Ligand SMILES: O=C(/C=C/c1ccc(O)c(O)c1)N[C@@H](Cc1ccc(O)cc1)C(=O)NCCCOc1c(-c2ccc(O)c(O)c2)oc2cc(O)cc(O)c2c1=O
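Listed next as structure tokens is one chain, alone, in the form deposited without the named molecule.
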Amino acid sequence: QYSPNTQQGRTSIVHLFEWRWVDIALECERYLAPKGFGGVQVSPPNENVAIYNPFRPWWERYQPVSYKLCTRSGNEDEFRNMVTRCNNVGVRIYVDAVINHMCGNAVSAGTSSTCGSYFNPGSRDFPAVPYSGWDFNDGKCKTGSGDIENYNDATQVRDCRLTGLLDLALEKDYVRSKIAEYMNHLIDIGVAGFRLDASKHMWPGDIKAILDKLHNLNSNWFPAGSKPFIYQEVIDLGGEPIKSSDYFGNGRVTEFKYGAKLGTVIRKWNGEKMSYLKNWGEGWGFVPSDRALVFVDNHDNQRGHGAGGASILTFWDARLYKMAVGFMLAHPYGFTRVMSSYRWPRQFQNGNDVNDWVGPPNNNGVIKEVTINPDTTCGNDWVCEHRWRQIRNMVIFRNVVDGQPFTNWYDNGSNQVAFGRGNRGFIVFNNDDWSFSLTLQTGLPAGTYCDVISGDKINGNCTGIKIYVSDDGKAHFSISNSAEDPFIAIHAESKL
């Protein structure tokens, strides 16, 4: 459950948030496989509630009505077509598995379902699964409301309703088996693994009993004996009784302190500075690298439903976002996930921002198509961060330096830092308020290399900055603090 099951040399996954299955299939063929992306995390593919408004909020997909594969991203035929085409070009599919709960215990304030299945939250009746009142934790939870009242309390966190969502009794083997039936149907179609939603709200032993029922991967594409990659969503910020180490036996765990701290460091909060990232990873008290799923959108779609660290980013903030993603993709700690988002307005109040009824671009309920502009960016309100040159080229950097050690760290005691990845990559960052201009030791061999942040290596030549490495691996780097991207990255495949 710890190995990503990606093709050798492909080292990251991209979350194509709410994209349609057809658009992900095309993206796998025209962009993700040619650019070496390891896989895609898709939004929940199972049937969910549809509020009566239109209003198609993003959170509707986290309220299951059944396990039929029928959502605004597409139906089962479209889902199987996407998994087949993506696996055929070596791009894996990871499903967001919503298994802790069904929909809101109320929600009947006005609602329907995405594939027409009947459901009634009040009587706990979900006949398309089938689940009844005997399959929920209403009698195990001991709070007066039935909802979680203290989110650091270990028993309420796992047995009571998360924000009113009907909580499944995962100690029953019937419930564990229905969930495994759904997840096994997905593995058999060709899925390579899963994001386990709300894992903090499930007991480690119940998750393991579900995982022990999971199938080996489809051996028409994966070697025999391969097991599904599992990454558990658990926000563990520090002193609470629930800890990420309660879940290492089941698979990887999301390290939310990674994106939170990389965000406060790049923003210099409280005097923090990038030179403190010298011992980034386990030196910062994070989970072990072989159990970490890392990302920098600490909390994307930062609406009111969220109890943790958070930082969403715009223009001067897109600059900080690209710097954070580049540091993450060059650093060897953890398995990396990049987020691809959609555009949505903000309100500018409550302290930071509050336009929160966000939902993806939609064609009257169904997700809109992803369009590609002539410069390879996207239209139709999709942001496509994974197509930004600086991010895409850092996804490639991570592949090129796969397995090489962290080495050659440099820092100026403030926010100008640099490090190498063995003899195959080197990266330099300037987040101070003055320019950087110095000769540093790399582990790279002599030659001319293209900076992949400011340009590309096209046809034996570079489109942006060129870096010259001398015979003893030293190289001069000059970075203005006024550059749009104050960092430079070079690697073995961007050498001329």
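Numbering starts at 1 and follows the sequence shown. We call the rigid core the largest set of C-alpha positions that still match within 1.5 Å between the two forms.
Across the two stretches, 197-205 and 235-243, the PDB entry reports the greater mean Cα temperature factor for 235-243. Across the two stretches, 295-303 and 279-287, the PDB entry reports the greater mean Cα temperature factor for 295-303. Per the deposited record, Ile458 carries the highest C-alpha B-factor of all listed residues (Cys70, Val49, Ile458, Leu26).
Between the residues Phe327, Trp316, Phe256, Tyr182, it is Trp316 that shows the highest Cα B-factor in the PDB record.
For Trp59, the recorded CA temperature factor ranks within the middle third of the chain's modelled residues. Residue-level temperature factors show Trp434 in the highest third of its chain, judged at the C-alpha atom. Among all modelled residues in its chain, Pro44 ranks in the lowest third by Cα B-factor.
Split the chain's modelled residues into thirds by C-alpha temperature factor. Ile453 is in the middle one.
In this PDB entry, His215 carries a Cα temperature factor that places it within the lowest third of its chain's modelled residues.
Another form exists, solved in complex with the named molecule; not displayed. Remarks below refer to it.
Classification of the binding site as blocked follows from the superposed pose of the named molecule in the deposited complex: three or more of its atoms fall inside 2.4 Å of backbone or C-beta atoms here. The single contact residue among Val395, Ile189, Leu162, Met328, judged by any heavy atom lying within 4.5 Å of the named molecule in the deposited complex, is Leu162. Across the options 417-425, 232-240, 179-187, 398-406, residues that bring heavy atoms within 4.5 Å of the named molecule in the deposited complex belong to 232-240. Within 4.5 Å of the named molecule in the deposited complex, a heavy atom is found for all three of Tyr62, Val98 and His201. Of the heavy atoms in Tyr67, none are within 4.5 Å of the named molecule in the deposited complex. The named molecule is not shown here, but in the deposited complex it comes within 4.5 Å of a heavy atom of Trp58. Using a 4.5 angstroms threshold between heavy atoms, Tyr118 stays clear of the named molecule in the deposited complex. Using a 4.5 Å cutoff between non-hydrogen atoms, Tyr151 counts as a contact of the named molecule in the deposited complex. Along 293-322, residues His299, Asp300 each place a heavy atom within 4.5 Å of the named molecule in the deposited complex. When the two forms are overlaid on the rigid core, CA displacement between this form and the one not shown of 2 Å or more is confined, within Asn399, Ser244, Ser340, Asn298, to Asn298. When the rigid core is held fixed, the Cα atom of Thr111 travels 2 angstroms or more between this form and the one not shown.
Once the rigid core is overlaid between this form and the one not shown, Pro34 does not reach a Cα shift of 2 Å, moving by less than that. With the core superposed, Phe55 shows a C-alpha displacement below 2 Å between this form and the one not shown. If you compare C-alpha positions, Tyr321 and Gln302 are 3 angstroms or more closer together in the deposited complex than in the form on display. Between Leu329 and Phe315, the C-alpha separation shrinks by 3 Å or more in the deposited complex, relative to the conformation displayed.
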